[PDB]
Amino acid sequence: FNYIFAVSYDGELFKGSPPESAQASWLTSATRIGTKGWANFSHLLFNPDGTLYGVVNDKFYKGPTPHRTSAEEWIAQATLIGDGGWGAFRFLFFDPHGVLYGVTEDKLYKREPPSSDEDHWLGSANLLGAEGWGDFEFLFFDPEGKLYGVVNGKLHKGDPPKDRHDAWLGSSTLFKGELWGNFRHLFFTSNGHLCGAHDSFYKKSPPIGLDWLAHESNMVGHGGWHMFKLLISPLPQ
């Protein structure tokens, strides 16, 4: 079993099985686990250990997945792990190992996540890429820890760079297609299905291959997805 988590523009948070049926209403099959205020975060992301991390008002938090909770109740109970600078991250996202990656000021960094706001995260983070990361439209991992990035509407994959001298984009593998920036959401499920959504949701089960995602044959939710601000799914540990 794995799940998609969706924040709507009404500030509700839903949990449900990934969509498979183009005519089905995915919301009908889903459970509301967050009641209100969930669209107020700048960032919301899963740790593969199953903890939810979130950035709201430039502060970073971690806590258990909510169980019919407002965003306010959740934040009040969460551990504060950062204060100042976090809202500016273009991307913040975990690898399958629970190592935090982040893009800020055009650069890519990784490090164990903070556990307190005294821990200046950038101060000891590993610089992976000195330039060009601020132009990506998406940047995310699969369950195997391959990195995926969209730039100039094209989707690239490759082992993540290990230091600033790895020319990642230069050595990466190119998907077919030049409309990958037209998705609002593009991510992997826990079980390695590639998901892309705008108003409609497209999903490719493994093997993913290198074909264009948004083919009529991969459509699993025809219409109605414009209601979600965020769709995420945890990677396994």
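The first residue of the sequence shown is number 1, and the count goes up from there.
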Average Cα temperature factor in the PDB entry - higher stretch of 183 to 191, 62 to 70:
62 to 70
Higher-B stretch (mean Cα B-factor, as the entry records it), 165 to 173 or 199 to 207:
165 to 173
Between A125, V151, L92, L147, where does the Cα B-factor run highest in the record?
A125
Go through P113, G129, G158, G102 one by one and give the residue whose Cα B-factor in the PDB entry is largest.
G129
Comparing against every modelled residue in the chain, figure out the third that the C-alpha B-factor of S42 lands in (lowest, middle or highest).
middle
Ranked C-alpha temperature factor of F138 among modelled chain residues, by third
lowest
Sort the modelled residues of this chain by their C-alpha B factor and say whether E12 lands in the lowest, middle or highest third.
lowest
Mind checking which third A88 falls in for C-alpha B-factor across the chain?
highest
Chain-relative C-alpha B factor for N57 (record values, thirds): the highest
